[PDB]
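One chain comes next, on its own, written as structure tokens: the form deposited in one PDB entry.
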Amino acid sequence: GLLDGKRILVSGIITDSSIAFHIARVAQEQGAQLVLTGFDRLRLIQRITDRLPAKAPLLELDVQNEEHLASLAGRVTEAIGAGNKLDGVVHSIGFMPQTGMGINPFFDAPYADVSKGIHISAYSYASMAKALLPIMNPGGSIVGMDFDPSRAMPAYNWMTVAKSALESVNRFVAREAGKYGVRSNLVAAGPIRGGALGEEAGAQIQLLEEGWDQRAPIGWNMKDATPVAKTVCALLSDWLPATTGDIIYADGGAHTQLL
């Protein structure tokens, strides 16, 4: 029971392929009690969440909706019971419009699209922390999902810029979370899975993603989300108690090897 008795909020479950779905599954298997969120279409999200090992309250959260943010802590408290607080929070919501990510030239993304992406992918990490830290226990852990943006790459374009901004936001969130005895960290995952993108972009992406398994000293299996879900659970646990403002790489070691 790695997370026995811990209460964890998990955002970002959209399908049973979502990385958040696997995080939730592994966390329940390890004894956690979960609270889940969804932006919209909650009857649809409930159908997916019913397939987790155990029941979990589902709460509405559109991170661009100020009222949802303002009521969130109260609604969680009602879900988990007065006097109870959260031990963990998982942010697995990243979004960039297609104009900012994919086939579109980098210069052709209008700022309104980039700003929406940054709002959902990076600013919301702070918004969630603001809402939830007042109901988190000392020793608790906020974990966000990242994809290493240290170097530019084809196609990821402004989503890479959004991840760069998330990395910086995480460092500031850690300062605020520290006042509660709470850690804030990101997990930088390898790619988890182009005909839709067309031939050029699809080949470029496939090369990019396959370099990962080539570089990773222990390999990288893009079809298996479990190693990333386990890492997140490690950070949610008591076993990384001195790590905050940081990035943990769940990428097969690929980012440490040039070729």
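Rigid core here is just the name for the largest C-alpha set that superposes within 1.5 Å across the two forms. Residue numbers here begin at 1 and follow the sequence given.
One more form of this protein should be noted, the form deposited in another entry, which is absent from this view; the next part is about it.
Following superposition on the rigid core between this form and the one not shown, the residue from 48, 234, 208, 69 with a C-alpha displacement of 2 angstroms or more is 208, and no other. Once the rigid core is overlaid between this form and the one not shown, residue 224 does not reach a Cα shift of 2 Å, moving by less than that.
Whereas the displayed form keeps them at a certain spacing, the CA atoms of residue 205 and residue 221 lie at least 3 angstroms closer in the other form. Distance between the C-alpha atoms of residue 201 and residue 162: longer by at least 3 Å in the other form than in the displayed form.
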